[PDB]
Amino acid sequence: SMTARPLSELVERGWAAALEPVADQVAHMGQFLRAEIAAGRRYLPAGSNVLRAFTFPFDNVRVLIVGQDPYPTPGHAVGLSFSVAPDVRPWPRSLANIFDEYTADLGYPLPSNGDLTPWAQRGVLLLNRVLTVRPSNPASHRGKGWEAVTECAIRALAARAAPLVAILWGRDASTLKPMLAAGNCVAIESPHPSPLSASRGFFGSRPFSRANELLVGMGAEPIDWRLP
């Protein structure tokens, strides 16, 4: 796990270099998670999926989606924010809300399933501000040291000689707003797609079409958002 091995082995080459300043903090998080198991508390997602968002190429990222923390229901979280395994049904409520906005915004049919890896394969970073959670306890790992790691990840993206659009979903995601001051970066901010906050302005936010207009405006290729 991230206790055992260096970034060079755990994440993609560009990410390994981008996250060098938090190499120790990443090892520290591995120890936090080992202490959780030792005490008999569980975490999500599975250890090998915690850093999965950093296994897609750093240099290929054009859009950053940031949520709060992983799905608290066992069998949901896969290390990509809001993504579920292609065989998961029903979809978690957040994802149902995201796909309703996806159809409203882009005019596409409902996706066949909740598997977002096409977005990750097409330059969308599916990040959470905090990369682990205790089952059934949303925000249970807030302030345990992931924030430094996702802050570093964002600074590094914003320092690239490349265009970037950030979609920040909810209050924890929005605390990355200051580290997105770079001129080649633009932030879309909305309430979380979670049922508690969705009606406060998630619905009708049109994040997907706006992201693409912003990319086009910076001479970047738009994202192909269409899922099968």
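One-based numbering along the sequence shown.
Averaged over Cα atoms, the B-factor as recorded in the entry is higher for 180-188 than for the other of 23-31 and 180-188. Of the two stretches examined, 218-226 and 1-9, the record assigns the greater average C-alpha temperature factor to 1-9. You'll see in the entry that, of 162, 66, 53, 44, the Cα B factor peaks at 162. Sort the modelled residues of the chain by CA B factor and residue 110 lands in the highest third. Annotation for residue 61: C-alpha temperature factor in the middle third relative to the rest of the modelled chain, per the entry. The entry lists a Cα temperature factor for residue 37 that places it in the middle third of the chain's modelled residues. Split the chain's modelled residues into thirds by C-alpha temperature factor. Residue 78 is in the lowest one. Ranked within its chain, residue 158 lands in the highest third, by CA B factor from the PDB record.
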